[PDB]
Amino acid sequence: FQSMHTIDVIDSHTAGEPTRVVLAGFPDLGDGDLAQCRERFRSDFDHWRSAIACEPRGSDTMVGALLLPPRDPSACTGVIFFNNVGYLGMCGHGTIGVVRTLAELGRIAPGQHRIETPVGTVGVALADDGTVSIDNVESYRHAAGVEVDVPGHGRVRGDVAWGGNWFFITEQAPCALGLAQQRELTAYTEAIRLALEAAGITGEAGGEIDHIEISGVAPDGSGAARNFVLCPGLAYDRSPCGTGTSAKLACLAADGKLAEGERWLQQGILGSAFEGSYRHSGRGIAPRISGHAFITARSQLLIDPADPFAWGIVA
């Protein structure tokens, strides 16, 4: 491989959900702020996003994390997150991945740090055992006990809540919450999403409810909390979902079922788990989400100019 563009990346996952941290070989995006860099990326280097995050090198679940020098001097790195369709702002699981990646590279040590994104700087903490805690945006419940009739299923009740995204959170599912049921769970949650849209059920100020969360239990009779989360691309979250867990904490807090400072353990569909807690803040809560990430590969992505899909498979 001498004929090929090389991109150095470290892959990890955060409770099952993958992050690809880009270390070297990426074109320079200029000396503007991170949002200016994100727009330069979008306008002039979009083929690089697809090369890294779309098939065949990436997938529908992959988030890329491009490291850049921080412009906020209180931050240990800047980052731009992206995926197989476009560019993100903040990304919880990806931030946990970035933190653990930097730690494994020897670039940061345990303690408090900050991560700068195009839409602001996120506070994080790295524990001696590698646990990463992140501060989620303020979360709250917009409506409780909303009912929608779901074709092929029946009446479904849930809460509408903001965790940094809009969620409909229901306790009802037509099967066990396990990986073996993902296709059925995906179809069911997609039907809920469509039914909500058709019924005109939205978040505040007409916000589209584009995340669906089933808040149930692990199917081992333990009664442990487990969720399933359908993300906007019709892909399920392999992790317990930071924003979705934060939205759940907001509902627990509003119902008086979880106290300030009290720990909440949330499994996701794979049985991996996040820890959540909150402090009361305004009309809602300030959530703190803790999770683990593990490095899965160190790679040189190789881009062969003769490859018809050199820059990724794109419809």
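A residue's number is simply how far along the shown sequence it sits, counting from 1.
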- Query: Higher mean Cα B-factor in the deposited model: 245 to 253 or 280 to 288?
  - Reply: 280 to 288
- Quick note on 292 to 300 and 21 to 29: per-entry mean CA temperature factor is higher in 21 to 29
- Message: Sorting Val137, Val156, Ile96, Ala161 by Cα temperature factor from the record, which one lands on top?
- Response: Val156
- Highest-ranked of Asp149, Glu213, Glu116, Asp237 once sorted by CA temperature factor in the record: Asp149
- Message: Which third, lowest, middle or highest, does the C-alpha temperature factor of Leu67 belong to within its own chain?
- Response: middle
- Message: Splitting the chain's C-alpha B-factors into thirds, which one does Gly271 fall into?
- Response: middle
- Assigned third (lowest, middle, highest) for the C-alpha B factor of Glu262: highest
- C-alpha B factor of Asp60, ranked within the chain: lowest, middle or highest third? highest
- Task: Divide the modelled residues of the chain into thirds by Cα B-factor and specify which third, lowest, middle or highest, holds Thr186.
- Result: middle
